[PDB]
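Working notes for the structure below.
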Amino acid sequence: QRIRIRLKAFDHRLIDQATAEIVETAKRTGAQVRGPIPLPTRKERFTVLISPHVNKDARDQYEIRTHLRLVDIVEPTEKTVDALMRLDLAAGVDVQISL
Amino acid sequence: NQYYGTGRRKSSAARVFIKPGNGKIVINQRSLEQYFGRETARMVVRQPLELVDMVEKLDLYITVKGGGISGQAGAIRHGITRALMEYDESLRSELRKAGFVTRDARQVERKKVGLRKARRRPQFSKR
Amino acid sequence: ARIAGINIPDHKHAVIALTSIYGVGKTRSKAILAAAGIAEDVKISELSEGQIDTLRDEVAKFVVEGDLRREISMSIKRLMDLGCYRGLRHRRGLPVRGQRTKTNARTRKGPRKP
Amino acid sequence: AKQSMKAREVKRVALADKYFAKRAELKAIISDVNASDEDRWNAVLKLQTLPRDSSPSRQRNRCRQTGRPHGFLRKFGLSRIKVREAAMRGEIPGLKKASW
Amino acid sequence: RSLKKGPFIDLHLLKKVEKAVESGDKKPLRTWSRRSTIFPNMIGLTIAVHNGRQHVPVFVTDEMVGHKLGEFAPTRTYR
Amino acid sequence: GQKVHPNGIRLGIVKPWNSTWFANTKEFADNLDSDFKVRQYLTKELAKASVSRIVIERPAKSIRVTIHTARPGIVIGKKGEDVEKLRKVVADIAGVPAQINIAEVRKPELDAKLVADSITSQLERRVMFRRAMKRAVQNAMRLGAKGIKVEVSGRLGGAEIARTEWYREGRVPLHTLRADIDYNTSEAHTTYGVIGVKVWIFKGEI
Amino acid sequence: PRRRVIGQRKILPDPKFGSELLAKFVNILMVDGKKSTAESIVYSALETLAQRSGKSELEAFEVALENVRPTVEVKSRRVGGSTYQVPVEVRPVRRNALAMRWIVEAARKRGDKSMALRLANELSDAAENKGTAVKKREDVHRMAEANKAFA
RNA sequence: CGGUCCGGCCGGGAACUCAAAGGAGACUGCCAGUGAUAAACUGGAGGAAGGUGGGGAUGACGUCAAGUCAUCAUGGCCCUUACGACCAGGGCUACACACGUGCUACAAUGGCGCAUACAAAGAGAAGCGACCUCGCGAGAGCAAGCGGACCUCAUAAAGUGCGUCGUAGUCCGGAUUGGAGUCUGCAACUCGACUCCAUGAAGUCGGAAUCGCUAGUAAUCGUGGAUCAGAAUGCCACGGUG
Ligand SMILES: [Mg+2]
Ligand SMILES: [Mg+2]
Ligand SMILES: [Mg+2]
Ligand SMILES: [Mg+2]
Ligand SMILES: [Mg+2]
Ligand SMILES: [Mg+2]
Ligand SMILES: [Mg+2]
Ligand SMILES: [Mg+2]
């Protein structure tokens with residue numbers, strides 16, 4: 001069928017590096033690959049009072065951006081499956097596979 | 001081949017496909033009259049066909065999402081002109097002078113901490 | 001015309017005129033004109049005496065006016081006799097349903113005294 | 001906060017998992033069961049004899065580093081003050097001052 | 001107020017109402033259950049309902065049924 | 001007025017995060033507290049090992065601590081011993097299995113945290129604050145700092161009226177987001193209370 | 001405006017008649033950004049005024065505006081501890097704006113049933129130079145001619 | 001383009017909308033005037049943007065022994081079979097008053113009914129909860145989908161159309177109170193939110209005085225979030241008309 005990998009991480013330059021790794025590996029190991037597609041970034045936000053007591057207008061405004069990548073692999077050639085499946089990827093990337 | 005123009009305004013975005021023959025207008029599968037209950041806004045989509053002349057000369061087939069009434073009508077205005085310029089580009093000087101080429105960049109301004117709105121400030125008591 | 005309240009509804013649209021009764025707001029008024037068989041936007045004109053006493057019949061099913069007022073006062077008297085919090089509030093001219101009194105309890109308190 | 005106030009939370013957490021995970025769930029379901037025991041269930045009585053600190057609603061979210069019961073953020077398990085202090089040292093991943 | 005499925009009452013007070021019934025009345029019953037719903041089987045007794053500091057004697061009555069016990073024990077002194 | 005935290009403002013720009021794992025809302029809090037408990041543990045046991053910085057990341061079901069230290073042999077101890085005993089209790093605290101990495105702080109006098117701690121420890125020894133600061137500055141510059149300042153606050157020398165004082169050589173553009181500004185902190189618990197030390201070091205731009 | 005002088009936004013013309021002037025009018029009558037509902041009231045008032053009062057819709061408008069247009073006014077000023085009243089000769093563009101503004105304000109301060117009927121009857125009154133709005137011009141002049149000495 | 005359940009729905013198409021990573025672009029650069037041939041300003045062109053284009057973050061040396069020992073930390077001091085500690089009920093919600101900040105109004109630029117077009121940005125597994133069914137209703141039962149550009153919260157409201165009310169303390173306004181209920185929670189008396197029926201205060205535009213705002217701003221209209229079992233007219237954020 002197909003194997004699709006969802007990649008999410010807080011850092012972009014680092015996420016598409018992990019993406020790049022996977023795609024290339026696939027492309028070299030003679031897999032056919034749809035993607036990588038940029039799936040919309042879900043940015044949480046936080047607003048917190050900046051003073052320990054009172055001064056309600058004094059605040060910090062933080063956000064955590066969560067980046068999303070879809071890697072779609074058309075042919076699951078076993079060499080490809082082994083190629084991918086012991087890649088060494090950035091620790092701070094969460095990798096999901098659909099089967 | 002179709003002649004195309006993208007137009008957008010506020011959070012709206014209108015795609016605009018030109019072809020010769022008639023005074024037909026179909027926004028989102030619907031008629032111009034049907035889509036816009038306001039007849040003024042109807043005029044703005046017509047405008048790019050003023051200086052540039054269509055009566056029964058070309059078909060514009062369009063669609064749009066985002067924003068509201070005037071956003072969608074502004075955005076379509078904009079996209080037509082781009083599709084007109086696509087057809088010749090000589091036309092522009094007229095369109096420039098019209099004010100129709102420009103992408104109106106005025107977005108709603110964000111709401112800021114300590115303020116009631118983007119600028120409205122909490123009423124100030126002296127004592 | 002007059003109705004259970006022995007009150008005289010205005011001359012103008014029916015659904016609003018029935019509101020003149022005490023104990024008949026819009027939901028009852030709508031339901032009655034509907035429970036009778038009348039149109040809601042009709043005036044007293046052409047609403048004939050045969051159609052007016054057939055409305056009296058339908059409204060008769062609700063407790064209204066003196067009957068309702070008595071029924072409402074007695075319910076309050078009960079709280080007061082009963083000696084409960086609710087009753088003490090009614091007897092002390094202060095709000096019954098928890099609302100603040102440090103400020104703004106003024107409908108209940110009545111206009112202020114310096 | 002006080003040591004004793006922190007201690008109170010832990011007791012509450014513990015009881016909540018011990019009882020009102022399963023036993024309270026069953027009792028609540030059974031009080032809630034429309035189809036049966038419409039009159040003599042006794043469950044409502046037994047739910048009451050349980051420790052109060054077994055109910056989860058009795059738990060209060062506190063800054064995990066200091067015990068603060070105010071200004072708490074579930075995302076980080078901290079109060080805004082310790083969120084910011086950890087934020088500026090870069091100890092909250094992905095987080096930074098944001099504008100837009 | 002409370003959903004119709006279940007009328008609420010503290011157990012310890014309820015059993016207190018039981019024994020007060022069978023064994024004939026005593027002097028005031030001491031209770032803090034300002035939250036429990038008054039039942040018909042309390043009509044007669046005198047339940048002493050805490051108000052934060054003292055226990056208010058309350059002569060229970062037919063019309064008191066359904067109400068809360070706390071409704072009869074004023075908690076704030078207003079002079 | 002109040003100044004923005006110069007490490008914080010530069011995150012993503014020219015300064016790295018010190019925690020760099022990913023996690024969903026479920027366990028983000030738990031991870032963040034676990035981070036706190038390990039950093040605390042290590043920071044005490046290695047108090048005299050000149051630990052300037054602890055990086056934590058969490059690959060799969062793992063955690064690996066990097067201890068940036070100006071005294072690696074201390075932290076490591078005879079043939080891996082001390083590393084190992086740290087590992088076994090980090091893994092306890094962390095829940096998941098654990099690995100420890102050790103990165104040399106080559107020039108600690110350029111490390112704001114070890115500068116700040118060094119002054120901190122010196123106030124506790126009973127050194128004079130103008131000296132300690134001025135040794136820090138001089139040192140920092142002769143080793144190629146573009147600039148440095150160190151501040152000291154509260155009850156200098158045991159003075160009854162609390163004072164704030166700083167020294168500054170070279171260049172410290174705090175408004176330049178490009179500027180490699182290494183900023184950190186330390187508190188001196190003294191017989192007459194707490195003396196805070198702030199330190200900034202400018203190392204060039206981009 | 002201490003330092004920065006400016007131009008002025010040059011609003012689009014009235015959609016129906018293509019008049020910038022009436023665009024200044026609908027906007028002035030507009031409330032809560034209800035443009036759609038503002039021009040509706042201006043036209044129906046012009047339509048009420050046009051239909052049954054000799055037509056010439058743009059011209060009818062001018063006949064009324066001609067009457068509430070003020071030639072001079074006073075600008076308050078504080079010199080040597082004194083609040084003097086200096087009568088200033090006012091420029092044409094604003095002359096229209098005051099004229100339009102007083103017509104609109106007098107219309108809402110009126111007894112009739114809707115703003116359109118009110119607006120219509122204000123224009124009519126102004127057209128015959130009578131009513132509140134004209135009177136607003138006259139007070140401006142009485143107030144101006146009085147301090148004629150300090151021009 | 002092929003196929004019609006007339007649904008991007010399936011073949012596909014990779015064009016366009018959009019997603020997000022990288023890049024170009026705007027610098028008084030050009031022309032003209034003013035201005036000591038200076039800086040600069042002004043006007044025009046080209047241009048999506050023109051003179052720091054719009055918004056934000058960014059807050060120097062310092063002032064006020066300004067605020068926080070109750071976030072935490074901490075010198076000194078004080079209690080220690082009590083100033084610590086456990087539990088139940090109460091109080092923080094009181095009410096002759098005064099002040100500050102707000103919401104909702106007084107209405108036809110409106111109220112009501114029916115019909116109906118167009119957003120943005122968020123949230124979600126002890127969660128968001130569709131469809132179906134029951135209840136006038138708040139909701140309840142049953143039960144998919146979804147750790148989500150897929151599923152759900154979730155029908156935007158202003159607006160436009162037709163009809164009605166016809167300037168009245170009203171078909172304006174909703175306070176207050178009676179009655180009966182829903183759900184959360186061991187538990188809604190003191191004190192939760194919401195619904196149904198009935199009630200229908202003051203208020204017909206506010207003295208002296210006083211605040212915000214220079215443009216997608218003010219004004220006005222809805223929308224979401226944090227905290228949170230439940231409890232927003234506050235707070236933080238979103239776009240519509242303008
Ligand atoms: Mg009535
Ligand atoms: Mg403590
Ligand atoms: Mg709670
Ligand atoms: Mg870009
Ligand atoms: Mg700057
Ligand atoms: Mg002081
Ligand atoms: Mg009403
Ligand atoms: Mg300004």
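As shown in the structure tokens, the chain order sets the letters A, B, ...; within each chain, residues go from 1, and ligands are also counted from 1 in the order they appear.
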
Dump as number ranges by chain the residues of chain B that approach chain D to within 12 Å, counting only C-alpha atoms. B: 109-113

For the selection just defined, write its residues with N, CA and C atoms to a file, as a compact mmCIF listing (two decimals), in the first residue's frame.
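Below you can see again_9.txt, which holds the result:
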```
# COMPACT_ATOMS: atom_id res chain seq x y z
N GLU B 109 -5.96 45.60 12.79
CA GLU B 109 -4.80 45.72 13.66
C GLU B 109 -5.02 44.91 14.92
N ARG B 110 -3.99 44.21 15.39
CA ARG B 110 -4.13 43.26 16.49
C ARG B 110 -4.55 43.93 17.80
N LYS B 111 -5.14 43.14 18.68
CA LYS B 111 -5.54 43.60 20.01
C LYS B 111 -4.36 43.47 20.97
N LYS B 112 -4.06 44.56 21.67
CA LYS B 112 -2.84 44.66 22.47
C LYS B 112 -3.10 44.64 23.97
N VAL B 113 -2.18 44.02 24.71
CA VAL B 113 -2.27 43.95 26.15
C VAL B 113 -2.50 45.34 26.73
```

Produce a table with one row for each residue of chain C that has an atom at most 7 Å from any atom of ligand 1, each row naming the nearest atom pair and its distance in Å at one decimal; use only C-alpha atoms and all ligand atoms; arrange rows by chain and rising residue number; format as CSV.
```
residue,atom,partner,partner_atom_place_in_ligand_line,distance
C:19,CA,ligand 1,1 (Mg),4.2
C:20,CA,ligand 1,1 (Mg),5.0
C:21,CA,ligand 1,1 (Mg),4.8
C:22,CA,ligand 1,1 (Mg),4.3
C:23,CA,ligand 1,1 (Mg),5.4
C:24,CA,ligand 1,1 (Mg),4.5
C:25,CA,ligand 1,1 (Mg),4.7
```

Just C-alpha atoms for this one: save the residues we selected as a compact mmCIF listing (two decimals), in the first residue's frame.
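What ended up in selection08.txt:
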```
# COMPACT_ATOMS: atom_id res chain seq x y z
CA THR C 19 -50.86 40.51 27.17
CA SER C 20 -52.95 43.13 28.99
CA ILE C 21 -54.16 40.35 31.30
CA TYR C 22 -52.02 39.74 34.38
CA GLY C 23 -50.64 36.20 34.20
CA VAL C 24 -50.65 36.15 30.40
CA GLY C 25 -47.37 36.92 28.65
```

As a PyMOL selection string, please: the residues near residue B:59 (cut-off 9 Å, only C-alpha atoms (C1' of nucleotides), same-chain neighbours under 5 positions excluded). chain B and resi 17-26+54

With a distance cut-off of 6 Å and only C-alpha atoms (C1' of nucleotides), select the neighbouring residues of stretch 61-77 of chain A, excluding the residue or stretch itself and same-chain residues fewer than 3 positions from it, and output the selection as JSON, numbers by chain. {"A": [2, 3, 4, 5, 6, 7, 8, 9, 10, 31, 32, 33, 34, 35, 36, 37, 38, 39, 41, 42, 43, 44, 45, 46, 47, 80], "D": [94, 95, 96, 97, 98]}

Can you check which residues of stretch 24-125 of chain G DSSP gives as helix (DSSP H, G or I) on the backbone and send them as an mmCIF file with N, CA and C atoms, in the first residue's frame?
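Wrote it out as states04.cif, contents follow:
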```cif
data_model
loop_
_atom_site.group_PDB
_atom_site.id
_atom_site.type_symbol
_atom_site.label_atom_id
_atom_site.label_comp_id
_atom_site.auth_asym_id
_atom_site.auth_seq_id
_atom_site.Cartn_x
_atom_site.Cartn_y
_atom_site.Cartn_z
ATOM 1 N N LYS G 24 -19.716 62.508 1.394
ATOM 2 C CA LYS G 24 -19.397 63.225 2.623
ATOM 3 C C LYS G 24 -20.638 63.292 3.487
ATOM 4 N N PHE G 25 -21.800 63.211 2.852
ATOM 5 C CA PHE G 25 -23.068 63.323 3.558
ATOM 6 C C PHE G 25 -23.489 61.990 4.196
ATOM 7 N N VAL G 26 -23.434 60.895 3.433
ATOM 8 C CA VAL G 26 -23.827 59.588 3.968
ATOM 9 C C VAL G 26 -22.925 59.224 5.136
ATOM 10 N N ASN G 27 -21.633 59.476 4.972
ATOM 11 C CA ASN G 27 -20.669 59.217 6.026
ATOM 12 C C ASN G 27 -21.006 60.002 7.278
ATOM 13 N N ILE G 28 -21.368 61.271 7.099
ATOM 14 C CA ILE G 28 -21.696 62.132 8.228
ATOM 15 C C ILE G 28 -22.965 61.646 8.915
ATOM 16 N N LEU G 29 -23.912 61.133 8.133
ATOM 17 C CA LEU G 29 -25.129 60.555 8.702
ATOM 18 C C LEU G 29 -24.873 59.145 9.232
ATOM 19 N N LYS G 35 -22.794 51.639 6.758
ATOM 20 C CA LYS G 35 -22.863 52.361 5.491
ATOM 21 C C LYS G 35 -24.080 51.947 4.689
ATOM 22 N N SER G 36 -24.286 50.637 4.586
ATOM 23 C CA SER G 36 -25.410 50.059 3.850
ATOM 24 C C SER G 36 -26.743 50.702 4.223
ATOM 25 N N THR G 37 -26.920 50.939 5.521
ATOM 26 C CA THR G 37 -28.179 51.427 6.062
ATOM 27 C C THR G 37 -28.199 52.950 6.124
ATOM 28 N N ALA G 38 -27.020 53.555 6.023
ATOM 29 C CA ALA G 38 -26.903 55.005 6.020
ATOM 30 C C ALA G 38 -27.353 55.587 4.684
ATOM 31 N N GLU G 39 -26.803 55.079 3.589
ATOM 32 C CA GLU G 39 -27.156 55.613 2.282
ATOM 33 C C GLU G 39 -28.615 55.314 1.963
ATOM 34 N N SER G 40 -29.154 54.254 2.559
ATOM 35 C CA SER G 40 -30.569 53.923 2.381
ATOM 36 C C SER G 40 -31.450 55.056 2.896
ATOM 37 N N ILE G 41 -31.079 55.597 4.048
ATOM 38 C CA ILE G 41 -31.825 56.684 4.666
ATOM 39 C C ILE G 41 -31.614 58.011 3.931
ATOM 40 N N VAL G 42 -30.413 58.231 3.396
ATOM 41 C CA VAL G 42 -30.121 59.474 2.685
ATOM 42 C C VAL G 42 -30.912 59.531 1.380
ATOM 43 N N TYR G 43 -30.942 58.422 0.646
ATOM 44 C CA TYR G 43 -31.657 58.384 -0.627
ATOM 45 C C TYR G 43 -33.159 58.536 -0.429
ATOM 46 N N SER G 44 -33.754 57.693 0.412
ATOM 47 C CA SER G 44 -35.193 57.761 0.674
ATOM 48 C C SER G 44 -35.606 59.175 1.106
ATOM 49 N N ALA G 45 -34.717 59.870 1.809
ATOM 50 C CA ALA G 45 -34.946 61.269 2.163
ATOM 51 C C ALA G 45 -34.804 62.167 0.935
ATOM 52 N N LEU G 46 -33.806 61.892 0.101
ATOM 53 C CA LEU G 46 -33.679 62.601 -1.167
ATOM 54 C C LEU G 46 -34.822 62.242 -2.104
ATOM 55 N N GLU G 47 -35.252 60.980 -2.071
ATOM 56 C CA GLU G 47 -36.361 60.500 -2.912
ATOM 57 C C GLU G 47 -37.684 61.128 -2.481
ATOM 58 N N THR G 48 -37.855 61.272 -1.166
ATOM 59 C CA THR G 48 -39.018 61.944 -0.585
ATOM 60 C C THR G 48 -38.968 63.434 -0.905
ATOM 61 N N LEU G 49 -37.772 64.003 -0.804
ATOM 62 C CA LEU G 49 -37.565 65.405 -1.128
ATOM 63 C C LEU G 49 -37.667 65.630 -2.637
ATOM 64 N N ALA G 50 -37.114 64.711 -3.424
ATOM 65 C CA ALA G 50 -37.116 64.855 -4.880
ATOM 66 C C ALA G 50 -38.528 64.758 -5.436
ATOM 67 N N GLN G 51 -39.158 63.609 -5.196
ATOM 68 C CA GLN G 51 -40.448 63.271 -5.795
ATOM 69 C C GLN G 51 -41.465 64.401 -5.673
ATOM 70 N N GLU G 57 -32.681 66.416 -8.005
ATOM 71 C CA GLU G 57 -32.255 65.833 -6.737
ATOM 72 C C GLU G 57 -30.958 66.451 -6.202
ATOM 73 N N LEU G 58 -29.945 66.562 -7.060
ATOM 74 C CA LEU G 58 -28.660 67.170 -6.689
ATOM 75 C C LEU G 58 -28.826 68.653 -6.413
ATOM 76 N N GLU G 59 -29.704 69.273 -7.193
ATOM 77 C CA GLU G 59 -29.924 70.709 -7.117
ATOM 78 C C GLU G 59 -30.730 71.024 -5.862
ATOM 79 N N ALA G 60 -31.772 70.229 -5.608
ATOM 80 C CA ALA G 60 -32.552 70.323 -4.373
ATOM 81 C C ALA G 60 -31.633 70.296 -3.162
ATOM 82 N N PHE G 61 -30.704 69.348 -3.176
ATOM 83 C CA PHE G 61 -29.687 69.242 -2.142
ATOM 84 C C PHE G 61 -28.951 70.567 -2.002
ATOM 85 N N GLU G 62 -28.529 71.160 -3.119
ATOM 86 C CA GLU G 62 -27.742 72.390 -3.033
ATOM 87 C C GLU G 62 -28.572 73.560 -2.514
ATOM 88 N N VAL G 63 -29.811 73.700 -2.990
ATOM 89 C CA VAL G 63 -30.676 74.793 -2.533
ATOM 90 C C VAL G 63 -30.729 74.819 -1.009
ATOM 91 N N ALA G 64 -30.857 73.637 -0.414
ATOM 92 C CA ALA G 64 -30.893 73.505 1.040
ATOM 93 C C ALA G 64 -29.523 73.777 1.657
ATOM 94 N N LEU G 65 -28.474 73.249 1.037
ATOM 95 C CA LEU G 65 -27.131 73.397 1.579
ATOM 96 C C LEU G 65 -26.647 74.836 1.431
ATOM 97 N N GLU G 66 -27.051 75.479 0.341
ATOM 98 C CA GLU G 66 -26.729 76.882 0.095
ATOM 99 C C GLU G 66 -27.126 77.746 1.281
ATOM 100 N N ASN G 67 -28.180 77.325 1.974
ATOM 101 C CA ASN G 67 -28.773 78.117 3.041
ATOM 102 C C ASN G 67 -28.119 77.926 4.398
ATOM 103 N N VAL G 68 -27.607 76.730 4.678
ATOM 104 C CA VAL G 68 -26.957 76.476 5.968
ATOM 105 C C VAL G 68 -25.444 76.677 5.894
ATOM 106 N N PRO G 92 -13.899 77.052 1.979
ATOM 107 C CA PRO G 92 -15.048 76.451 1.283
ATOM 108 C C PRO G 92 -15.325 74.985 1.600
ATOM 109 N N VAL G 93 -14.286 74.159 1.679
ATOM 110 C CA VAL G 93 -14.468 72.718 1.860
ATOM 111 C C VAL G 93 -15.221 72.418 3.166
ATOM 112 N N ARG G 94 -14.765 73.029 4.255
ATOM 113 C CA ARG G 94 -15.392 72.862 5.561
ATOM 114 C C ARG G 94 -16.764 73.513 5.574
ATOM 115 N N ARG G 95 -16.898 74.600 4.823
ATOM 116 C CA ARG G 95 -18.166 75.306 4.720
ATOM 117 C C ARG G 95 -19.290 74.336 4.392
ATOM 118 N N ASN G 96 -18.997 73.417 3.482
ATOM 119 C CA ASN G 96 -19.921 72.349 3.142
ATOM 120 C C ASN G 96 -20.116 71.384 4.306
ATOM 121 N N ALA G 97 -19.015 71.043 4.974
ATOM 122 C CA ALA G 97 -19.045 70.051 6.047
ATOM 123 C C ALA G 97 -19.916 70.513 7.221
ATOM 124 N N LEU G 98 -19.746 71.758 7.653
ATOM 125 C CA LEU G 98 -20.588 72.295 8.715
ATOM 126 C C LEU G 98 -22.037 72.289 8.237
ATOM 127 N N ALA G 99 -22.251 72.806 7.034
ATOM 128 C CA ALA G 99 -23.576 72.840 6.421
ATOM 129 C C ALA G 99 -24.247 71.466 6.448
ATOM 130 N N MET G 100 -23.513 70.443 6.030
ATOM 131 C CA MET G 100 -24.048 69.092 6.014
ATOM 132 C C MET G 100 -24.262 68.595 7.439
ATOM 133 N N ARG G 101 -23.301 68.889 8.307
ATOM 134 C CA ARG G 101 -23.304 68.337 9.655
ATOM 135 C C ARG G 101 -24.474 68.868 10.481
ATOM 136 N N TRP G 102 -24.791 70.152 10.333
ATOM 137 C CA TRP G 102 -25.876 70.762 11.103
ATOM 138 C C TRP G 102 -27.232 70.293 10.595
ATOM 139 N N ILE G 103 -27.300 69.978 9.305
ATOM 140 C CA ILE G 103 -28.524 69.457 8.714
ATOM 141 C C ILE G 103 -28.802 68.066 9.268
ATOM 142 N N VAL G 104 -27.769 67.234 9.344
ATOM 143 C CA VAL G 104 -27.910 65.888 9.896
ATOM 144 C C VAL G 104 -28.298 65.902 11.376
ATOM 145 N N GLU G 105 -27.642 66.758 12.153
ATOM 146 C CA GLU G 105 -27.858 66.806 13.598
ATOM 147 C C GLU G 105 -29.247 67.327 13.936
ATOM 148 N N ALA G 106 -29.702 68.326 13.187
ATOM 149 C CA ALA G 106 -31.037 68.874 13.389
ATOM 150 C C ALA G 106 -32.105 67.848 13.018
ATOM 151 N N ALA G 107 -31.752 66.914 12.143
ATOM 152 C CA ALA G 107 -32.700 65.906 11.695
ATOM 153 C C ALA G 107 -32.979 64.878 12.786
ATOM 154 N N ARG G 108 -31.948 64.468 13.524
ATOM 155 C CA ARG G 108 -32.138 63.476 14.587
ATOM 156 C C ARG G 108 -32.823 64.125 15.795
ATOM 157 N N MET G 115 -35.738 58.636 10.426
ATOM 158 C CA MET G 115 -34.643 59.525 10.086
ATOM 159 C C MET G 115 -34.794 60.032 8.652
ATOM 160 N N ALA G 116 -35.332 59.192 7.770
ATOM 161 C CA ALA G 116 -35.529 59.577 6.377
ATOM 162 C C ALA G 116 -36.539 60.719 6.248
ATOM 163 N N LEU G 117 -37.654 60.628 6.973
ATOM 164 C CA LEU G 117 -38.674 61.682 6.944
ATOM 165 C C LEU G 117 -38.128 62.937 7.595
ATOM 166 N N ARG G 118 -37.444 62.751 8.717
ATOM 167 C CA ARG G 118 -36.767 63.841 9.404
ATOM 168 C C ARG G 118 -35.743 64.519 8.495
ATOM 169 N N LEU G 119 -34.868 63.719 7.893
ATOM 170 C CA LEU G 119 -33.832 64.236 7.001
ATOM 171 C C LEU G 119 -34.478 65.032 5.875
ATOM 172 N N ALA G 120 -35.543 64.474 5.307
ATOM 173 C CA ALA G 120 -36.244 65.105 4.197
ATOM 174 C C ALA G 120 -36.794 66.470 4.597
ATOM 175 N N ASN G 121 -37.430 66.527 5.762
ATOM 176 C CA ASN G 121 -38.063 67.754 6.238
ATOM 177 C C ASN G 121 -37.040 68.772 6.719
ATOM 178 N N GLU G 122 -35.856 68.301 7.089
ATOM 179 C CA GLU G 122 -34.780 69.209 7.446
ATOM 180 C C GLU G 122 -34.267 69.887 6.182
ATOM 181 N N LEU G 123 -34.037 69.094 5.138
ATOM 182 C CA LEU G 123 -33.623 69.626 3.841
ATOM 183 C C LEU G 123 -34.648 70.629 3.313
ATOM 184 N N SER G 124 -35.926 70.258 3.378
ATOM 185 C CA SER G 124 -37.007 71.133 2.934
ATOM 186 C C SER G 124 -36.974 72.451 3.686
ATOM 187 N N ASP G 125 -36.941 72.366 5.010
ATOM 188 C CA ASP G 125 -36.839 73.549 5.851
ATOM 189 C C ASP G 125 -35.613 74.379 5.487
#
```

Enumerate residues in contact with ligand 2: an atom-to-atom distance of at most 7 Å, counting only C-alpha atoms (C1' of nucleotides) and all ligand atoms. Format the result as number ranges by chain. D: 1-3
